[PDB]
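Participant:
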Amino acid sequence: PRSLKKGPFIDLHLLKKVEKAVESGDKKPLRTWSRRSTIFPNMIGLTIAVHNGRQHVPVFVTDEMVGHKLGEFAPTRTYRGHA
Amino acid sequence: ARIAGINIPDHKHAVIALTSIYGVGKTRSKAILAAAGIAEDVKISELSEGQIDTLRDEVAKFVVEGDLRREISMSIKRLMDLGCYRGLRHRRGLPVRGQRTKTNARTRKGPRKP
Amino acid sequence: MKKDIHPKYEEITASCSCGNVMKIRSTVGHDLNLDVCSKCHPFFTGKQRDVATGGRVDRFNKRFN
Amino acid sequence: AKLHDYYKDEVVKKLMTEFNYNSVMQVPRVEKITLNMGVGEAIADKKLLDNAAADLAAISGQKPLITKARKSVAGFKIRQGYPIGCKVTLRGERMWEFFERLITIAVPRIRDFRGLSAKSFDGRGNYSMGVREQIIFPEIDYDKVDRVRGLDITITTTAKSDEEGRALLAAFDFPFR
RNA sequence: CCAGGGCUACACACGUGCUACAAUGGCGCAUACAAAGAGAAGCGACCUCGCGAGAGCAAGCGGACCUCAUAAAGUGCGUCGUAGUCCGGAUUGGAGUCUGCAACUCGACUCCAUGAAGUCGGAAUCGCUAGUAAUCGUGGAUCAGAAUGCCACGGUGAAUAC
RNA sequence: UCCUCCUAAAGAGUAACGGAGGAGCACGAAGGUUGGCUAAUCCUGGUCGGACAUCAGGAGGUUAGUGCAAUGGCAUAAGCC
Numbered sequence: 002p003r004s005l006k007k008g009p010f011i012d013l014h015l016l017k018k019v020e021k022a023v024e025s026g027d028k029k030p031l032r033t034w035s036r037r038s039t040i041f042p043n044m045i046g047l048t049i050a051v052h053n054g055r056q057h058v059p060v061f062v063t064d065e066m067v068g069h070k071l072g073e074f075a076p077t078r079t080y081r082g083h084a
Numbered sequence: 002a003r004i005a006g007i008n009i010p011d012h013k014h015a016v017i018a019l020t021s022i023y024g025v026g027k028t029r030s031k032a033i034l035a036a037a038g039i040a041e042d043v044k045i046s047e048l049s050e051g052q053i054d055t056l057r058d059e060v061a062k063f064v065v066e067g068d069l070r071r072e073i074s075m076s077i078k079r080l081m082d083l084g085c086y087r088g089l090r091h092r093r094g095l096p097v098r099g100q101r102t103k104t105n106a107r108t109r110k111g112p113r114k115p
Numbered sequence: 001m002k003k004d005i006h007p008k009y010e011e012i013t014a015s016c017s018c019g020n021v022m023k024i025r026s027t028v029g030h031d032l033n034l035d036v037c038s039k040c041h042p043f044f045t046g047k048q049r050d051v052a053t054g055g056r057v058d059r060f061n062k063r064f065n
Numbered sequence: 002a003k004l005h006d007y008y009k010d011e012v013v014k015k016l017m018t019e020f021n022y023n024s025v026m027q028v029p030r031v032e033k034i035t036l037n038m039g040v041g042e043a044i045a046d047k048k049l050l051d052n053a054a055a056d057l058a059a060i061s062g063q064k065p066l067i068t069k070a071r072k073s074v075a076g077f078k079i080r081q082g083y084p085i086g087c088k089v090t091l092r093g094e095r096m097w098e099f100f101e102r103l104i105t106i107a108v109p110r111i112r113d114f115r116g117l118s119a120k121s122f123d124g125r126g127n128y129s130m131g132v133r134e135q136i137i138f139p140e141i142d143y144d145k146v147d148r149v150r151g152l153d154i155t156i157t158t159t160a161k162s163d164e165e166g167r168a169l170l171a172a173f174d175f176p177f178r
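Chains as they are written, first to last, in the entry's author numbering: chain s, 2 to 84; chain m, 2 to 115; chain 5, 1 to 65; chain F, 2 to 178.
(1) Assign residue 157 (chain F) to buried or exposed, taking buried as 16 or more other Cβ atoms, counted over all protein chains shown, within 10 Å of its Cβ.
(2) Span of the beta strand (DSSP E) holding residue 63 (chain m)?
(3) Whose Cβ in chain F lies nearer than 7 Å to the Cβ of residue 6 (chain m)?
(4) With distances taken Cα to Cα, identify the nearest neighbour of residue 19 (chain F) among 165 (chain F), 170 (chain F) and 175 (chain F).
(5) Under three-state DSSP, which class holds residue 8 (chain m)?
(6) Measure how close the beta-carbons of residue 29 (chain F) and residue 169 (chain F) come, nearest whole angstrom, since I'm counting them as under 8 Å.
(7) Anything in chain F within Cβ reach of residue 36 (chain 5), meaning under 7 Å, just list it in chain order.
(8) Can you round the beta-carbon distance between residue 15 (chain m) and residue 41 (chain m) to whole angstroms, since I take them to be within the 8 Å contact cut?
(9) Using the Cα positions of residue 67 (chain s) and residue 41 (chain s), report the straight-line distance between them to the nearest angstrom.
(10) Going by alpha carbons, who is nearest to residue 6 (chain F) out of 124 (chain F), 98 (chain F) and 162 (chain F)?
(11) Name the one or two DSSP bridge partners that residue 25 (chain 5) has.
(12) By Cβ distance, which residues of its chain are closer than 7 Å to residue 16 (chain s), with the 5 residues on each side in sequence left out?
(13) Return the CA-CA distance between residue 34 (chain m) and residue 32 (chain s), expressed in angstroms with no decimal places.
(14) Could you tell me which chain m residues have their CB closer than 8 Å to the CB of residue 33 (chain 5), listed as they occur along the chain?
(15) Tell me whether the beta-carbon of residue 146 (chain F) lies closer than 9 Å to the beta-carbon of residue 133 (chain F).
(16) Is residue 79 (chain m) close to chain 5? Criterion is C-beta to C-beta, closer than 9 Å.
(17) Is residue 2 (chain 5) close to chain F, meaning its C-beta is less than 9 Å from at least one C-beta of that chain?
(18) Scan the region 65-139 of chain F and note each continuous alpha helix (DSSP H) run of 4 residues or more that stays entirely inside, going in chain order.
(19) Between the region 65-80 of chain s and chain m, which residues of the former have a C-beta closer than 8 Å to a C-beta of the latter?
(20) Is there contact here, the region 35-44 of chain 5 with the region 89-109 of chain F, by at least three beta-carbon pairs under 8 Å?
(21) Which same chain residues, not among the five before or five after residue 26 (chain m), have their C-beta less than 7 Å away from its C-beta?
(22) Which whole-angstrom value is the C-beta distance of residue 1 (chain F) and residue 24 (chain 5), which I expect to be below 8 Å?
(23) Please name the residues in the region 4-18 of chain 5 whose beta-carbon is closer than 8 Å to at least one beta-carbon of chain m, in chain order.
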């Protein structure tokens, strides 16, 4: 948990990407490599292609996802089972 | 001899009997007895009913037994249908706080069958 | 009723701790002192209080300006 | 006692005013109330059923009848004529006083109570609820307690529908989530 | 050269440790006695603020001067009466603090709640001859943050050698 | 050797190394009388309890039951208490 007198974290490029995707009105999935950024209430409903080191997985922002970070919806380890 | 959900034991002291409630531990019972005014080294056999109904409202001050199991269960449920990392670890049955999954975690992944 | 085989079933006065008094024919063997009543229960009054079930954008704003 | 006279004024007058009854005999009457304790684990020892019978005798006012098995089942290791359950059928004024203690006293004490869902009517207005542990009735000492030992109470009303019996039980202030 | 991931995965097996299963103990109050170290993009008094981790304000010190830094077992008075219990403290939900571009993968700590296995451990096997074993605390290197490890320092302190 | 069904041709009876099943008992109650009662199997509802135990209601009407094989019977019960 970040300290409260720091504010939440979002990258400059992701936040300006979010603003230009809102101002442009277009709602395709856009990609970022920034898993460390907090989701925000202006980003609801749009798709974020989040990097998991290999791929860009599409994340659909919900009401329930708001305060969290972006990496929690892109699992970077693939495990099915041993036996 | 009975608070919001359950029976508290009667021969035990006030804070020790008060921890038998779900949602009330040690500091909660210290604050409950401090707000009530009863000295904690009395027994529920020693104590009458007016003190324990002023205890009843003061433990209604806190989210306790039934709706607390409701809150914890719903919070795990919201994480589990959310599909995040901690929810998915709650789903497979593994540690969620970054413990070592290599050797240990028989509390989480259960007693060692195979 | 079959005369002697039944347990005793007497008029007592129950002492409702919400403030109320009730004559009740019962089996307890004393004047029972119950804790909560059909009156002033949270489900009966309307204080059942199911929580918000989703306050994330509320929580983010009460955290941060 | 209480709920009988409250019935004889308010419940008949309200089911008169909101259901078309040209006669007062059409209004549903809660006729009997049976407490069943399907003990069942007395295939090993019948000390347990013998304790459960006295538990029901402490809950109600009647001495309960022990129910022997109807057909032999090898799925549950029972024999024909083995006493496997216990029941009280209580009707009349004693049923009215049991209904008093059930509503005014007992159903607040079901320990995280959320309201009994009304869809447990079977098709003709007879209700059935399941009380999970025996200490919800204050006749039990709780200094003596041995097992959890719940029961189920089924109420037989003379209603023919589910909505008429539901309005009848709701006229006596049932919780009904 | 860069960003992101991984080195932290987990049907399992083994090694080395730490915490325990309590009453020679647990909790609450008051209180006694150390040694060895480290410190300038550092150590950071006093006071104020918060339950606390901490913050604000900020003197002193390149040090037998100031700071880290209250030693803890012990002692005195209470309470617990042998229960998985006021033992145990894993797990998990919530709310935080600090370092850092950044704490999701994957840090440390604090609070509130929860209260898992465990009731002295199979076949086997290890260390130790005296200020030793056992037990209790403190300190340093690495280091922005991150020791139950490693290296050091003291306190109490045996039994047994035919 | 004995019993039940078919062969057996609508009275009885009727053979085969013809087709199928049982008996060599049980019970002082499982006999007598009086009084009372009525199934199987599904559906719904309900603590554990779940296809199947106990409860409550509905459907159905004897598909049940008979101490024991089969046939004939049985509600006025020959069935259950």
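C-beta: ideal position from N, C-alpha, C; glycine also.
Facilitator: Checking against the coordinates, here is how it stands:
(1) Residue 157 (chain F) is buried by the Cβ-count criterion.
(2) It is not in any beta strand (DSSP E) - residue 63 (chain m) carries neither H nor E in the DSSP assignment.
(3) Within chain F, the residues near residue 6 (chain m) are 112 and 113.
(4) Nearest Cα to residue 19 (chain F) within the set 165 (chain F), 170 (chain F) and 175 (chain F): 165 (chain F).
(5) Look at residue 8 (chain m) here: in three-state DSSP terms it is strand.
(6) Correct: roughly 5 Å between the Cβ atoms.
(7) Chain F residues near residue 36 (chain 5): 109.
(8) Correct: roughly 5 Å between the Cβ atoms.
(9) Rounded to the nearest angstrom, the gap between the Cα atoms of residue 67 (chain s) and residue 41 (chain s) is 6 Å.
(10) Here the closest residue by C-alpha is 98 (chain F).
(11) Paired residues: 11 (chain 5).
(12) Once the five neighbours on either side are set aside, residue 16 (chain s) has no close Cβ partner at all.
(13) One C-alpha to the other measures close to 56 Å.
(14) Neighbourhood of residue 33 (chain 5) in chain m, by CB distance below 8 Å: 50, in chain order.
(15) Contact check for residue 146 (chain F) against residue 133 (chain F) fails: the beta carbons are separated by 9 Å or more.
(16) Closer than 9 Å to the CB of residue 79 (chain m) there is at least one CB belonging to chain 5.
(17) For residue 2 (chain 5), the closest Cβ of chain F is nearer than 9 Å.
(18) Listed in chain order, they are 94-101.
(19) Of all residues in the region 65-80 of chain s, only 65, 66, 69, 72, 73, 74 and 76 place a beta-carbon less than 8 Å from a beta-carbon of chain m.
(20) Contact between the region 35-44 of chain 5 and the region 89-109 of chain F is present, because at least three Cβ pairs lie under 8 Å.
(21) Around residue 26 (chain m): 20.
(22) This structure does not reach residue 1 (chain F), given that chain F is present from 2 up to 178, and the question cannot be answered.
(23) So the list reads 17, given in the order they occur along the chain.
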